[PDB]
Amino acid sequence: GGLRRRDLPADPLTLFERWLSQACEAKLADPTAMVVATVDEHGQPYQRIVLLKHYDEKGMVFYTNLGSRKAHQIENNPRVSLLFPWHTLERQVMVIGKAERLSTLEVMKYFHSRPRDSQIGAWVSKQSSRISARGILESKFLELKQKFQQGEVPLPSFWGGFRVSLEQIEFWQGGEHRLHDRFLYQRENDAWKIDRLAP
């Protein structure tokens, strides 16, 4: 139908929820999958996909290994971008914001909700580091599977999460003749300013 300004909610999260909901409703693969880009110390951007696990006015949350590249990069530069690749629905959602570490309480809560085998997996992988063979991973997995026996499988100290603040949220929706609809929500003192951007 198109995207007209007069139909936009004041809070970008309202619009995001609808699009997310419809994405699940359309059974797209991993509707919560978002591309998170970070920057290293030399000005070089880096990307990898992560899963959005929670969101609210404070920002969007995802979990990762604290010794990974994305983590090292965020510690040197917290500015990150998030892009939800919903093009099968002719849609795109981009977020600009600052990443901050979640508290152990939050992390513990979420970690103990993941499939056991997944919790064990968390222990196995020294994310982003070069390993000489896949076998290293599989061996540790088995070793830990029984070591724990799963008394409850502990939260690794190198596992955490980040919350990305909402400073800017862009919505994109397909248009014919290459003339798409773009609306940029810009935080401006707890309030949002909306502008249509040329496609």
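Take the two forms, superpose them, and find the largest set of C-alpha atoms that agree within 1.5 Å; that set is the rigid core. Note that residue numbering begins at 1 and tracks the sequence as displayed.
Greater average departure of CA atoms from the shown form, over structures and residues in 5 other deposited structures of this protein after a core fit, characterises 170-178 among 170-178 and 38-46. Rigid core fits of the other structures in 5 other deposited structures of this protein place the C-alpha atoms of one stretch farther away on average; of 182-190 and 13-21, that stretch is 182-190. On average the C-alpha atoms of 22-30 have higher B-factors than those of the other stretch, with 22-30 and 161-169 being the two compared. Between the stretches 113-121 and 85-93, it is 113-121 that shows the larger average CA temperature factor. Which of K145, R69, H42, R48 has the largest Cα B-factor in the deposited entry comes down to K145. Per the deposited record, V153 carries the highest C-alpha B-factor of all listed residues (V35, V153, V61, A133). Among the modelled residues of its chain, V80 has a C-alpha B-factor that falls in the lowest third, as given in the PDB entry. In the PDB entry, a CA B factor belonging to the middle third of its chain's modelled residues is recorded for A10. Among the modelled residues of its chain, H177 has a C-alpha B-factor that falls in the highest third, as given in the PDB entry. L3: CA B factor lies in the highest third for its chain, per the PDB record.
The PDB entry assigns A99 a C-alpha temperature factor belonging to the middle third of its chain's modelled residues.
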